[PDB]
Each structure stands twice: as structure tokens, then as C-alpha cells.
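Chains as they are written, first to last, in the deposited numbering: chain A, 1 to 108; chain A', 1 to 108; chain A'', 1 to 108. A prime marks a further copy of an entry chain. For every residue, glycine included, the Cβ atom is placed at its ideal position computed from N, Cα and C.
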Amino acid sequence: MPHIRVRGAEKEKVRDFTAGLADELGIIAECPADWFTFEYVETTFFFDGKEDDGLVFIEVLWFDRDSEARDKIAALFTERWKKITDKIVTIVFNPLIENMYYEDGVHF
Amino acid sequence: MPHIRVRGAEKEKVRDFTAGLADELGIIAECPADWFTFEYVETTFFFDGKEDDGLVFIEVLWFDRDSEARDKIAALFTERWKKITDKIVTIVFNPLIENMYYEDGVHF
Amino acid sequence: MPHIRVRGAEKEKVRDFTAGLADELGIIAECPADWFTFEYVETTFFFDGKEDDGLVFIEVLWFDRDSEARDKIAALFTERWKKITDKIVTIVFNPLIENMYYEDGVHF
Numbered sequence: 001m002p003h004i005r006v007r008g009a010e011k012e013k014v015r016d017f018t019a020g021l022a023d024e025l026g027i028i029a030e031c032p033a034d035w036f037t038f039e040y041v042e043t044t045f046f047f048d049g050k051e052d053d054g055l056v057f058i059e060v061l062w063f064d065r066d067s068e069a070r071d072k073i074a075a076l077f078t079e080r081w082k083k084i085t086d087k088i089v090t091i092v093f094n095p096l097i098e099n100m101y102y103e104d105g106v107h108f
Numbered sequence: 001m002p003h004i005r006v007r008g009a010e011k012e013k014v015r016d017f018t019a020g021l022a023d024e025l026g027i028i029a030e031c032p033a034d035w036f037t038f039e040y041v042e043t044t045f046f047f048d049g050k051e052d053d054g055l056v057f058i059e060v061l062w063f064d065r066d067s068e069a070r071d072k073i074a075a076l077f078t079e080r081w082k083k084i085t086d087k088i089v090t091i092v093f094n095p096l097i098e099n100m101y102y103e104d105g106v107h108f
Numbered sequence: 001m002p003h004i005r006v007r008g009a010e011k012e013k014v015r016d017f018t019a020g021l022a023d024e025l026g027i028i029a030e031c032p033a034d035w036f037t038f039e040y041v042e043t044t045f046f047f048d049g050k051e052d053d054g055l056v057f058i059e060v061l062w063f064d065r066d067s068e069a070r071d072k073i074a075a076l077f078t079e080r081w082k083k084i085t086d087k088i089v090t091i092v093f094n095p096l097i098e099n100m101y102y103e104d105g106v107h108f
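This is the structure we're talking about:
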């Protein structure tokens with residue numbers, strides 16, 4: 001792990017968000033920077049029958065860590081996006097289960 | 001919360017599905033209409049090496065409520081889509097965990 | 001269930017991956033081939049401020065089965081993708097909860 005997914009933001013803004021990001025995340029999560037992936041997810045928000053700006057919605061798929069690491073990642077992500085948008089920044093952490101996760105055919 | 005995602009349907013049909021929808025959902029879930037987001041998710045279904053019509057697949061990400069609210073949302077979604085398609089309508093509810101969910105850097 | 005989603009690969013490669021696949025999966029999981037859906041998910045990987053090749057990332061949404069079925073599906077998927085790419089092949093299994101899953105408005 002970890003796998004970060006962003007929806008609700010422009011693709012190029014997601015690319016820019018990732019500059020230096022795996023270094024910082026690796027330090028906070030105490031794991032190598034190379035264990036991080038980042039995606040822009042292609043979606044469209046709607047509300048009451050119209051196109052909506054939605055929000056910036058970020059999923060973090062990882063082997064869970066304590067709340068201190070989680071809280072710091074949330075703060076970091078929120079601070080970074082708030083520089084570019086006044087949209088709400090929403091972050092959900094999704095704990096992976098080791099025996100349900102495979103990398104190249106074996107557990108991680 | 002709640003975050004509704006739709007795949008397998010035309011983007012404009014997802015937009016139309018959302019007309020009035022957050023009012024009705026807010027009433028069933030007992031929360032404000034403004035707490036709902038809706039997305040079309042860009043995906044392509046395949047089956048046995050060919051393009052497939054797939055089904056209409058709906059994810060609801062929320063703080064879980066009882067089965068009565070869940071059952072009513074499922075019925076509502078199914079009835080609405082069945083007006084437009086004879087495709088199977090599949091709905092999955094995904095319970096969020098409060099300490100793993102952040103809005104603007106704090107828990108909800 | 002089961003619902004297989006692939007990201008990080010070309011759309012046509014996902015289509016080809018699915019040739020014969022539901023037969024084989026049905027045999028391993030002991031359920032009908034028709035219970036399987038397959039999607040290409042439209043996403044873009046980034047790393048350190050640049051476009052990245054990412055990896056091939058596969059999600060399997062299903063009613064959980066034992067590790068033997070899981071391990072065999074993982075091996076099968078990995079072997080098939082390794083024929084086409086030297087990218088890392090990552091597979092996550094996501095257990096569905098029966099009372100949170102609806103097909104045409106009723107539980108499965």
C-alpha cells in the first residue's frame with residue numbers, strides 16, 4: 001500500500017498535488033515513498049438534476065495506522081488543496097486486510 | 001456523508017436521476033439534502049472478450065443506518081432506474097467509519 | 001456478485017483479459033459464469049508531479065470465499081497480466097455484506 005485516489009478536481013491539479021507528496025507521506029506513514037500510488041479518477045458530480053462542482057474527494061487505501069498518522073495526512077491534504085480551491089475537501093481512509101491484498105500474486 | 005456513485009448508465013441519465021433526489025433521500029435518511037453527493041463514474045463493462053451493457057451499479061457511501069432506511073433507498077433507486085432501463089439495478093451500501101472520515105481536515 | 005474492476009491497463013487489454021474469464025472464475029469460485037461483471041475503470045496515475053505508468057490494479061468485489069479460492073484467482077489474474085506487461089499486478093479482494101447488497105431491489 002498506500003493508494004491515494006482523487007476525484008472532483010482537475011486532472012492537472014491532481015498531477016501537481018503529487019509533486020514531492022510520496023516523500024512527505026512516506027515520512028508521516030513511516031514507509032518508503034515508492035509504496036505510494038496516486039490517481040485522478042474520472043467522474044462527474046451532479047446535484048438536483050444539474051452539473052455540480054462537487055467537492056475534492058480523496059480516498060486513501062492502506063494498511064491502517066494510528067489516528068496520529070491519519071490525522072496528519074488529512075491535515076496535509078486539506079492544506080494543500082485549500083491553496084487551490086474553496087471546495088470542501090473530503091478524505092476517507094479505507095483499511096486493507098493483509099490476507100486480501102496481493103502484489104504480483106503473493107501477499108505484501 | 002452520503003455519497004452516491006453510479007456506473008453502467010449514461011451520464012445524462014445519472015444527471016436526471018438526481019432531480020429532486022437529495023430531498024427524498026434526506027427525508028428517508030433523516031439528514032439534510034445538502035449532505036448528499038452524486039457521481040457518474042466513467043467505466044466500461046466487458047464480458048467474454050466483448051463490450052457488454054453491464055448493469056446499473058450504484059454505491060452508497062454513508063454512516064450506516066438501519067435496514068429500514070436502506071431497504072427504502074434501495075426500492076427508490078430501483079423503481080427510478082426501472083423506468084428507463086431493463087438492465088439489472090445493483091446497489092451496494094458501504095458503511096463509513098467516523099474516525100476515518102474527514103471534512104475540511106476534521107471529523108464529521 | 002462478483003464484480004471485477006481493472007485500472008492502470010489499456011481498455012482493449014481489459015476487454016481481452018475477459019475472454020473466457022467468467023468460465024474459469026465460476027469454476028474456481030463455484031458459481032455461475034453469469035454472476036461475474038468486469039470493468040475497465042477510467043483513471044490516470046501520477047507520481048512526483050508527473051504522469052506515471054502506475055501498475056495494473058484489480059479489485060474483486062464478492063461474497064468472501066476462502067483463501068484457497070482467493071489465492072487461485074490471484075494467481076490466475078497475475079499470470080494472465082504478466083503475459084502482456086511487466087508492470088506490478090496488484091489485487092485487492094473486498095468482501096460484500098449480504099444485507100447491504102441489492103439486486104433489483106432485493107437481497108441476493
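Within the region 11–23 of chain A, contact with chain A'' at the beta-carbon level (separation under 9 Å) is assigned to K11, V14, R15, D16, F17, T18, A19, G20, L21, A22, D23. Contact of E98(A'') with chain A' is not assigned, every C-beta pair being separated by 8 Å or more. Near chain A', meaning a CB-to-CB distance below 7 Å, the residues of the region 35–61 of chain A'' are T37, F38, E39, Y40, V41, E42. Cβ neighbours of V41(A) within its own chain (closer than 7 Å, five residues either side excluded): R5, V6, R7. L21(A'') carries a helical assignment under DSSP once its states are collapsed to helix, strand and coil. Look at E79(A''): its C-beta is not under 8 Å from any C-beta on chain A'.
DSSP lists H3(A'') as the beta-bridge partner residues of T37(A''). When the Cα atoms are used, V14(A) and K83(A) turn out to be separated by approximately 13 Å. Counting along the chain, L61(A) sits inside the beta strand (DSSP E) bounded by residues 56–62. Close partners of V89(A) in chain A' (Cβ separation under 9 Å): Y102, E103, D104, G105. In terms of Cα proximity to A74(A), the closest of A29(A), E12(A), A9(A), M1(A) is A29(A). Annotated as proximal: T90(A) and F57(A), with beta-carbon spacing under 8 Å. Boundaries of the alpha helix (DSSP H) around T78(A'): 67–82.
Using a Cβ distance threshold of 8 Å, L96(A') and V92(A) count as a contacting pair. If the five residues before and after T78(A) are omitted, its C-beta is found closer than 8 Å to the C-beta atoms of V89, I91, all from its own chain and listed in chain order. Under the 8 Å criterion on CB atoms, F93(A) is classed as interfacial with respect to chain A'.
Residues of the same chain with a CB within less than 8 Å of the CB of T37(A'), apart from the 5 flanking positions on each side, are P2, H3, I4 in chain order. Rounded to whole angstroms, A19(A'') and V106(A'') show a C-alpha spacing of 30 Å.
Taken through DSSP and simplified to helix, strand or coil, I91(A) comes out as strand.
Judged by DSSP in its simplified three-state form, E98(A) adopts helix.
Closer than 8 Å to the CB of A75(A') there is at least one CB belonging to chain A''.
Contact check for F45(A') against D52(A') passes: the beta carbons are separated by less than 8 Å.
In the structure shown, the three-state DSSP call for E42(A) is coil. By the criterion of a C-beta distance shorter than 7 Å, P32(A) is surrounded in its chain by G26, once the five residues flanking it on both sides are discounted. Non-local C-beta neighbours of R70(A'') in its own chain, meaning closer than 6 Å and more than five positions away in sequence, comprise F93, ordered along the chain.
When the alpha-carbon of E68(A'') is set against those of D23(A), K11(A), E103(A), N99(A), the nearest one is in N99(A). Going by beta carbons, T85(A') and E39(A'') fall outside the 8 Å limit.
Judged by DSSP in its simplified three-state form, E12(A) adopts helix.
In this structure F17(A) is not in contact with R65(A), their Cβ atoms being roughly 21 Å apart against a cut-off of 8 Å. The beta carbon of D23(A) lies closer than 6 Å to those of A33 in the same chain, with the five residues before and after it left out. Rounded to the nearest whole angstrom, the CA to CA distance from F108(A'') to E12(A') is 28 Å. CA-to-CA, the gap between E10(A') and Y101(A) works out to about 32 Å.
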